[PDB]
Structures are given as C-alpha cells and as structure tokens.
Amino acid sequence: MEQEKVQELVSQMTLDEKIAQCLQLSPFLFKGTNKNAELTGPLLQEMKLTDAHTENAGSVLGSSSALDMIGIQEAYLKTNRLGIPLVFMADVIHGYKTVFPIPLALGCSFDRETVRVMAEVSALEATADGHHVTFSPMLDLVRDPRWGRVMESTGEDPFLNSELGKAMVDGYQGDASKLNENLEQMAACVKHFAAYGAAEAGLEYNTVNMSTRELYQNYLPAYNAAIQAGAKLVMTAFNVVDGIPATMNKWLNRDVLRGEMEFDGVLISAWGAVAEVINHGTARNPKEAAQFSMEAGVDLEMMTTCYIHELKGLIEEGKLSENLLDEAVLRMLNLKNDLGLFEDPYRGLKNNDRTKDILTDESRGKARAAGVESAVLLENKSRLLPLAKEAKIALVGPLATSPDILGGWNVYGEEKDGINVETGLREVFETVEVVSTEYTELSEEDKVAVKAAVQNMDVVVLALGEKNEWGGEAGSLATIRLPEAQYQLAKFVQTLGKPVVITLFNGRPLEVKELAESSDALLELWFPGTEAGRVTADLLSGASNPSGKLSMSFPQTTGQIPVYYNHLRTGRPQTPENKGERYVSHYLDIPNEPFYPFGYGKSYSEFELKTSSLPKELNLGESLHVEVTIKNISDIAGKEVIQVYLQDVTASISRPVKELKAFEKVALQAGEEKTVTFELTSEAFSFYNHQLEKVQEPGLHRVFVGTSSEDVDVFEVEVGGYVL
C-alpha cells in the first residue's frame, strides 16, 4: 500500500498500540498457536503479559511451521483493531530443512555463488514454511576459536566476510525493492552490531574492547557492506562497545548505524539484550533500560518487557519523546509493507501449500555441492587420496555413524534426513567395515574391535569430531582441543601400520598438530549439513576434488591465540635473517606461525599461476588492474582459489603485513588455461587514520598474488602524484 496509508496508521494507533508494536514474542504466547500451548499460561504470567499486549504485539520469533504461522496470524487479525499483520522472523543460519555447511565452512569455499545459492534455497524453504525475516548473515569478525560462535562467521578476514555477506543478502532478498512481489525471497537481518566476535578470552557474552580506529578498520566493514547491499534489518550485540552495551549505545546505533551507514530499517535487539543492560550495570531498572534503548533507536524488543511495561510512563512523564516511538512504529510498519503484508498477510501461503518446495532433491544437490566446495584438504601424504572405489575401508571413530553432522545453529533441520559417514561411504565403496566409538572415551574393548577391523581392511578412514553442542551460542571452550580420547584413538590407529585418512567434523579451529602427525591424510569437513556423508564419500573417492581454503587460522596451541594472517609487523619481526636470536618477537615454546594459515588448502590437481606485467607507479585514486593466468598442469580436473593481497609498507598507522583484496575460484579441466582480471580500486589502498578519516596516502605498496596468504609472488607499486 501507499506510504500515506502507512503514515495514517501511525496517526490512528493509540499509545498503548504503538508501544506493543515494539514487542516480539515466541509463537506460543499467542492465541492460535498450534504447538507448545502448555507453556503459554505460566510464561504469560511470569512476563505479566495480557491480551491487550499480545493482541497488539509487533512480531513473532521462531514460529514452528506454516500452520503455526497461519493460526497465529488468522487469530491475531480477528482481534486487531487496525488490521496490522504480525511479522514472522526466524533463525535460518545455514539452511532451513535442507541444511547447508556451517557458515565458517562456507567461508572456506571462497565462493560467492555457493553462498548466494545456499541463501536462496534457505529463503525458498523458509518462506514456504511462513517465515518473513531471517537472522542472517552473521558478520562478526573472529580471531578467537575458543568462542563457540565462530561457526556462524565466515572467519578472520573483513574482505572475505564483506563479500560473502553481500552474497547471502542477495540470495535471501533478491531485489530488496520487490519483497512485496517475490514471495520466495525474504528479508535479511545483519547481526550482531557490533564486534561481538572479539569477546575477551573467548568467553560467551564477555567484554569486548578495542580502539575506535580498529573498530572502523576491521570490525565494521562487513556489517557496512551488507547494509549497503540492502539488508532490511539489523540486530544489536550482547557485548559492550567501548564500555557501553551495544543495545543502548547511542553513538553506535544513532551516529554510526543510522547516520554514517544510512541504515533506515528496523533495529531489533538480540534476545533479552534490552533488559540485560541492567546486568551490565548501565541501567538501574527496566524504566531506565527502556528509556536508553529507545534513545539509541532500538525498534523491536526481543522477548523482554521493558518497552511494554515502561514506555507509557516515560512518555507521560516527559522523559522520552513520543516522536521516538512513532519513528520506531513507522519503521516496523514500513517493513511489513515492504513484505506485502497489508495486501497478503499470509505471504503466499493461504491458498498455496508450498510443502513441495521443502527438501527437494534439486536442493539436496545444491547442499552437497556446497559441502564439496567448503571442505579443506589439509594433508595428503603419498597420494593416499583419492581412494579407489574398491579400496577396503575400515571406518572408525565417533563420527563413523554419528548423525550429528548438520552443525550448530540448525534450528529446523532434522537428523533423520541427514546422511552419516557410513551411509555416504557405502554408496560409493563396496567394502566398508565399521567400528563406532564414543566421543569422549576409548575403552579396551574399542581397541580390540578397531584392531580387528583394520587388520581386515586396507586403509583407515578415522572419523573424529566435536558434538555440535560444544560450539554455537554459549559453547565457549577454554582449550580448543577434541576430547583427549580422540587424540588417543588417532595415536592407537597409527600403530596398526595401515594408511590413515582422518575426516574431521567440527565448528571451530582446533589443535590438529597431533592429528596431522598421526595420519597420512587429513580432510576438514567442518559440519557439511544434510548431505554430509556424500560430501565425504565424493571427496575421498575423487568424484569431487577438494577446493576449499582455510578462512580462519589454525593455531599451534590454545596459547597462541589470537593468531591471524593480517597482523602487524612489530618493531622486532622474526625474519629468516634473525631466527634463533633472543631479542625478537617470538615464543620460547612454539613457532610464530599458526599450524595452518589463512587461504591454505590442498588439491588433487597442480596449478601454475602467472601474473601479467604490472605498473611500477599508480596515481592516487587510480585502480590497479591485476591479470592472472592459471593453468592446470596435471591430469585431474580441479579448482584453485587465486588470492590477491595488498600491503601498505609505510603509513601514519602501522598497517598489516597483508590484507586480502580480491579472490576468485577458477575451475579448470586437465591442461586447461584461463585468464582472470581483478580491479583493486583505490579504496583497496585506503585505511583509517588516527583521526578516523578514510584516507589514501602516497607511497609504496606490495601486491601478492597466489593460492594462500603464504604461497604468493610479490610485486611493488609506488602510489603518488595527482588524484583520479
């Protein structure tokens, strides 16, 4: 409907109606739910909610099905005075019912189209089950794998994170201006504004502190890129940002988000984060938390009651302008309008059961493709991999038969529909002998059974891994290791004198040095999702050729954290010309290098890259154009990730030794050759100075072209002269 009618609605609502529009509730607090109706009464009472509240609530959080949605919406519109439909929001993080790989695995794909397709299928299915908004992409930069939520990020690089972030937004939303017509797309919500991934000591919800310059330089850019590509909502972070909880941080949300980034959509709290500013000790009570959060421009309170119970009194007493509430209500209403909810409140479902669009075989193939794009081949000594189809496999360990391969933040996907490792392998390999072990134990009886199975077979597939519940939200591990029983199992298996492949399933970087030394090959599958065992079978047999690269550094040990590729030089860098010396930046007990670096991954093919002659000089404001020829010099069809890095050698701020500024994944048949070009615009040469200006300074830059952050050729370009 036309904008004047939306504004008219704000004009016609009562103050109590306006307040309640700023509240989000679980489905079972609404009349007409068709699930968990036993939780409805006790919880209404603890929250002190009444019908006057629920019958005017703005939004639903986490409906269970299309019928829950229809029931709740139909009943709500029977009783709602002005006919304002509810908006339905959910966590579709790496898939709906067809579960794709966890986001950290998707980072390892270095492939933008993989990420868009995952988001498109996610929306196809989520809208088919009645959802209007997804709380995705999660764009928190991560340098600390203790933190369980690393699995929701694309990793340690702001540029990769920005690019894949835009790809998710595009896949979820398509053309943002036609969400009222394209009802298989949905609104995306960028989360968590801001810098939540820097949680101190990897502890959930813990303190974050960094300088404003670093916040601009590294932590904000991906939120910004997704916002600029049209993301419809943003969600606040649980953490403090320079001492003030993000949720009531007026500088952050008013000046930066709404001012500098020009975000004019719904800002929704993280769960309870409005109330939690009290725990943080920056509001005395719910009246203060209400007041400050609305001043900061939080439009929608997720599952707490500060707004419903306190805004009236604040507005009446004059502590808070009613104008701030009207503008919140206007953003809520515009979102609903943008989704077409005033013409069709059932968003395509009322006369059209789209059950047929859920968990299709086409979708399952897309998920499998994504899994084979995302896996990272870490070791492969002796061309152990790929295995011949008639290889006799002893499949052993906790991930041999475990159905827990769908990953964390899988709110709607079902283990029964997933493919485990044994099942996947038996579709490909005629001879498999299996010994399941538990995640945290290694008994004598296990060792006897493993030993018998390995004696019978030719090669061991050792399937190790985390339970998903050891990561995700509030899954912080102080020591980023697997249970010790699993390292003991790898130690045991090695003694049996057969070639060993370790297939590792997990949601964070781990300490894998002992796994690498104990095996001939090591394949990092992360959690691939619904098609996990096929992903595994195809990569091990060579039907698919591994092509993923690490999007997060794998530490030598927990105590090396944080370690990351885009680090500062220091005043005393370790060099090959001084290694051995005492008075340089090093540790007495480990290398400075991570065990495996950013951008690293192996292949069954072999590539050779050649970069075209580059200029020696460049004007300010000018783009560098980088042309690269890649050839597959082996007999095996394969994909490689060409990566381009920049360094600013001398600047007014000590700048990182490398930053990624371009990537493309190139597919090549045996012997095929291709040329690709990259434009590094002058923004690729720019940075935030100590004054917080985005600047370009004349001087020397190095340009690194290669297939990891370590396997690069290097070139020099002197930037100077005039601008443009």
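One-based numbering along the sequence shown.
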With B-factors read from the PDB entry, the higher C-alpha mean of 484-492 and 80-88 is in 80-88
If you average the Cα B factors in the entry, which is higher, 410-418 or 309-317?
309-317
Per the deposited entry, the peak Cα B-factor within the set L267, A176, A521, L550 goes to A176
Just to confirm, going by the entry's C-alpha B-factors, which of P656, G62, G32, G699 comes out highest?
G32
Among the chain's modelled residues, which third holds the C-alpha B-factor of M457?
highest
Third of the chain, ranked by Cα B-factor, where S443 sits:
middle
Ranked C-alpha temperature factor of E473 among modelled chain residues, by third
lowest
Splitting the chain's C-alpha B-factors into thirds, which one does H192 fall into?
lowest
C-alpha B factor of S709, ranked within the chain: lowest, middle or highest third?
lowest
